[PDB]
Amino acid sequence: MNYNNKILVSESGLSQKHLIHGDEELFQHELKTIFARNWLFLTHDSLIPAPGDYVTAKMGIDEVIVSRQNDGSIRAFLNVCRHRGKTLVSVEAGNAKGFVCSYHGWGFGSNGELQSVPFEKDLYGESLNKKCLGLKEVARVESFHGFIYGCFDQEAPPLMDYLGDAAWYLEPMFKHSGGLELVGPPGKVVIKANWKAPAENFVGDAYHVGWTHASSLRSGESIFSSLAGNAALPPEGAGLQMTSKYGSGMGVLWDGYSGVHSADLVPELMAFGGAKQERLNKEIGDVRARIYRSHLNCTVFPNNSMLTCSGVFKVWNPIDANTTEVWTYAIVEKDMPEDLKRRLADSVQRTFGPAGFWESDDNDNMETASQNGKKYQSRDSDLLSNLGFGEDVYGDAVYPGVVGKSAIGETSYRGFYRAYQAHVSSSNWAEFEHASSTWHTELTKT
């Protein structure tokens, strides 16, 4: 397939070829043009707070070690020995000043440097240039309010610029709330779906909620429960959708601070969020204080998703075109009482974790939609994302980005896939930029 020419996503992001969820050659191409190029979630300050603390993370199909340095910075390195290529670290988290390879015993510092080689003097003499044998380092590592992302491509925009218009929506919860903590360890489950299936669902799919999650809505008694079985449509002005230049987007459901949490948490949460909102009105204004306690379903392009307020935090780690390893953490506000943090974390896992009953409603949807992308008569078929097209705006006085002023639509699908196509057809960041110079105009046509 010629990725320079092949139209995988149609103009304005209105449709995508179904093969994108199934084609292994394209998956391999995405390793280069999506995963080696873009910002990927690694960890949170809260999981590696002290010098020497480390975790392992995936970046695409690669594994990295992410380590807190003595100077308080964070550096990340391929989890691969520079000698004969053995996996260096076999655990998920810990604290160490270095990592010794179990094959021939080479010792690397937390800073990636090759520090020791067994019997170096007797074997190598002075001939081994250890200075050139440090672990392969992730070129870019940056923080968004404690959330640590990595990028293999030195040419990427800074993380803040990459978030584009999405940052404005995230800031009330990520910054102005006093800050978030990530509660680990994550649940980890393999699903038989393409990474794009859950990514697209979290970025912009409010339409599916009443029908897909009918049983969870009815059974759980959460605040969005009126939607069960499409019994009721959210009122006008119940929310909005947004998307951005580099592909990140989200839905906003106004005031939905207790999110998917069952009635057992609703009163406490609605009290807590409302009390903080009252304080934030004076700081960031009424609209942004309201956004703080509004439910955001967001994907940070390409494969990191979240539900704010619900507190669900996801990584869709790619394995192959029909296999994804799902990591699920809980996010909590730092100034919540500890007992509430604990119950919130359990509730995140209860609803969206490995045995998350909400998450289970989505399984067949993502898996079959992905696997059908391999089927002969469907490869060249068109997946539709045209809902709300021709009613999006850009440059609004209040809400930034390409915005659909309705709770349910496909605005964020369009922006996600526009960015995806621009990357797949480009060899580097400069070409992506050229392919994106009229990004918002393309999205707001008609």
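Numbering starts at 1 and runs along the sequence shown.
Annotation for 100-108 versus 316-324: the higher mean temperature factor (C-alpha) is found in 100-108. For the two regions 378-386 and 65-73, the entry's Cα B-factors average higher over 65-73. Of the candidates 79, 281, 294, 299, the PDB record gives 281 the highest C-alpha temperature factor. The residue among 403, 59, 55, 50 whose C-alpha carries the highest B-factor in the deposited model is 50. Ranked by Cα temperature factor within the chain, residue 43 sits in the middle third according to the deposited record. Per-chain ranking of the deposited C-alpha B factor places residue 236 in the highest third. For residue 31, the recorded CA temperature factor ranks within the lowest third of the chain's modelled residues. Among the modelled residues of its chain, residue 89 has a C-alpha B-factor that falls in the middle third, as given in the PDB entry. In the PDB entry, a CA B factor belonging to the highest third of its chain's modelled residues is recorded for residue 437.
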